[PDB]
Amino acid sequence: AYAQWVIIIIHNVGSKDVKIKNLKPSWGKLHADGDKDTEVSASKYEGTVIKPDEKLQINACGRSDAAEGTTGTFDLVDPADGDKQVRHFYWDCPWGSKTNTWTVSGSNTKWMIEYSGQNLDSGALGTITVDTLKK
(Lines of atoms letter the chains of each structure in order from A and count residues from 1; the text may use other names and numbers.)
(Lines give C-alpha, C1' and ligand atoms only; values in the text may rest on other atoms or scores of the structure.)
Protein backbone atom coordinates (compact mmCIF):
# COMPACT_ATOMS: atom_id res chain seq x y z
CA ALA A 1 0.00 0.00 0.00
CA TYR A 2 1.02 3.68 -0.42
CA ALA A 3 1.10 4.00 3.44
CA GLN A 4 4.35 1.98 3.38
CA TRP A 5 6.75 4.62 2.21
CA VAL A 6 10.20 6.11 2.44
CA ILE A 7 11.84 9.20 0.93
CA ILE A 8 15.65 8.95 0.70
CA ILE A 9 17.55 12.19 0.25
CA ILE A 10 21.25 11.82 -0.53
CA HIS A 11 23.11 15.09 0.04
CA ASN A 12 26.79 15.29 -0.90
CA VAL A 13 28.18 17.56 1.85
CA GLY A 14 31.84 16.91 0.94
CA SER A 15 34.10 18.17 -1.87
CA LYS A 16 34.32 14.91 -3.87
CA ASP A 17 31.77 13.16 -6.08
CA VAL A 18 29.71 10.25 -4.77
CA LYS A 19 27.76 7.87 -6.99
CA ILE A 20 24.66 5.75 -6.59
CA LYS A 21 24.82 2.16 -7.88
CA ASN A 22 22.89 -1.13 -7.65
CA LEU A 23 19.60 0.61 -6.78
CA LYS A 24 17.47 -2.55 -6.34
CA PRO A 25 13.87 -2.24 -4.99
CA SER A 26 12.74 -5.76 -4.00
CA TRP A 27 9.23 -4.85 -2.77
CA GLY A 28 6.92 -2.06 -3.96
CA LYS A 29 7.96 0.59 -6.47
CA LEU A 30 9.92 3.81 -6.90
CA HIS A 31 7.79 6.88 -7.75
CA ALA A 32 8.08 10.53 -8.83
CA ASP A 33 8.57 13.29 -6.19
CA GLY A 34 5.24 13.89 -4.40
CA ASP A 35 3.42 11.55 -6.78
CA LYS A 36 2.96 7.89 -5.74
CA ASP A 37 0.78 7.23 -8.84
CA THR A 38 3.73 7.86 -11.19
CA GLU A 39 6.13 4.92 -11.14
CA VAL A 40 9.74 5.83 -11.92
CA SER A 41 12.33 3.12 -12.80
CA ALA A 42 15.59 2.57 -10.81
CA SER A 43 17.43 3.36 -14.14
CA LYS A 44 16.41 7.05 -13.60
CA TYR A 45 18.94 7.14 -10.73
CA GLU A 46 21.23 4.16 -11.46
CA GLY A 47 24.82 5.45 -11.81
CA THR A 48 24.00 9.10 -10.97
CA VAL A 49 27.04 11.05 -9.83
CA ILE A 50 26.14 13.40 -6.95
CA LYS A 51 28.48 16.34 -7.12
CA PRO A 52 29.48 18.45 -4.08
CA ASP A 53 26.48 20.26 -2.53
CA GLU A 54 23.93 18.41 -4.74
CA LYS A 55 21.13 16.15 -3.63
CA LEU A 56 19.44 13.10 -5.10
CA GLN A 57 15.97 12.08 -3.92
CA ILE A 58 14.49 8.59 -4.26
CA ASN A 59 10.84 7.93 -3.39
CA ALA A 60 9.72 4.40 -2.66
CA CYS A 61 6.35 3.00 -1.61
CA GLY A 62 4.22 -0.16 -1.56
CA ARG A 63 2.12 -0.90 -4.65
CA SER A 64 -1.46 0.50 -4.68
CA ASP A 65 -3.88 -1.42 -2.37
CA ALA A 66 -1.30 -4.23 -1.99
CA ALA A 67 -0.83 -6.03 1.34
CA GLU A 68 2.96 -5.44 0.82
CA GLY A 69 5.34 -2.55 1.50
CA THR A 70 8.60 -1.14 0.17
CA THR A 71 11.97 -2.85 0.51
CA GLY A 72 15.21 -2.40 -1.32
CA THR A 73 18.91 -1.79 -1.38
CA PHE A 74 21.36 0.53 -3.06
CA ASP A 75 25.02 1.34 -2.81
CA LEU A 76 26.90 4.56 -2.58
CA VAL A 77 30.15 4.07 -4.53
CA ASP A 78 33.32 6.16 -5.05
CA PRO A 79 33.58 7.11 -8.74
CA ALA A 80 37.24 8.25 -8.26
CA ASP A 81 38.23 4.82 -6.90
CA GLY A 82 36.82 2.43 -9.59
CA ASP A 83 33.31 2.53 -8.03
CA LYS A 84 34.65 1.17 -4.69
CA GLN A 85 31.79 0.62 -2.29
CA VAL A 86 31.31 3.55 0.09
CA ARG A 87 28.28 2.09 1.96
CA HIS A 88 25.51 -0.41 1.33
CA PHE A 89 21.94 0.54 2.29
CA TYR A 90 18.93 -1.62 3.03
CA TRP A 91 15.42 -0.28 3.66
CA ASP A 92 12.21 -2.03 4.62
CA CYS A 93 8.86 -0.47 5.44
CA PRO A 94 6.70 -3.61 5.56
CA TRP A 95 2.94 -3.95 5.32
CA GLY A 96 1.19 -5.29 8.47
CA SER A 97 4.25 -4.98 10.77
CA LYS A 98 5.19 -2.15 13.17
CA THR A 99 8.93 -2.53 12.53
CA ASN A 100 10.78 -0.69 9.77
CA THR A 101 14.43 -1.36 8.96
CA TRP A 102 17.14 1.00 7.74
CA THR A 103 20.55 -0.62 7.73
CA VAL A 104 23.79 1.05 6.62
CA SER A 105 26.92 -1.12 6.28
CA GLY A 106 30.38 -0.91 4.71
CA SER A 107 34.01 -0.33 5.58
CA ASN A 108 35.30 2.50 3.35
CA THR A 109 37.31 4.65 5.81
CA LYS A 110 37.85 7.52 3.30
CA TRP A 111 34.14 8.36 3.67
CA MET A 112 31.85 9.60 6.45
CA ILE A 113 28.12 8.88 6.03
CA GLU A 114 25.51 10.35 8.41
CA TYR A 115 21.77 9.76 8.24
CA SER A 116 18.74 10.94 10.20
CA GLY A 117 14.97 11.41 9.94
CA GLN A 118 14.12 7.68 9.87
CA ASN A 119 11.24 6.19 11.84
CA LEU A 120 11.68 2.50 12.85
CA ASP A 121 8.47 2.21 14.82
CA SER A 122 5.07 1.98 13.08
CA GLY A 123 3.85 3.40 9.82
CA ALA A 124 6.21 4.87 7.25
CA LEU A 125 10.00 4.78 7.38
CA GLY A 126 9.82 8.55 6.72
CA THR A 127 12.13 11.09 5.08
CA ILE A 128 15.72 10.00 5.52
CA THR A 129 18.52 12.47 4.86
CA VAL A 130 21.88 10.82 4.09
CA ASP A 131 24.87 13.19 4.16
CA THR A 132 28.04 11.99 2.42
CA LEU A 133 31.52 13.38 2.97
CA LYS A 134 34.82 12.05 1.56
CA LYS A 135 37.39 12.64 4.34
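For every residue, the number given is its place in the sequence shown, counted from 1.
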Exercise for the section: With reference to the PDB entry, specify whether the mean Cα temperature factor is higher for 105 to 113 or for 85 to 93. Expected result: 105 to 113
Completion exercise
Mean B factor on CA atoms, stretches 22 to 30 and 75 to 83, record says higher is 75 to 83
Handout entry: Chain-relative CA temperature factor third for residue 51
Key = highest
Fill in the blank from the handout: On the chain's distribution of Cα B-factors, residue 64 falls within the third called highest
Exercise for the section: Classify residue 12 as lowest, middle or highest third according to the C-alpha B-factor given in the PDB entry, relative to its own chain. Expected result: middle
Handout entry: CA B-factor placement of residue 100, once the chain's modelled residues are sorted into thirds
Key = lowest
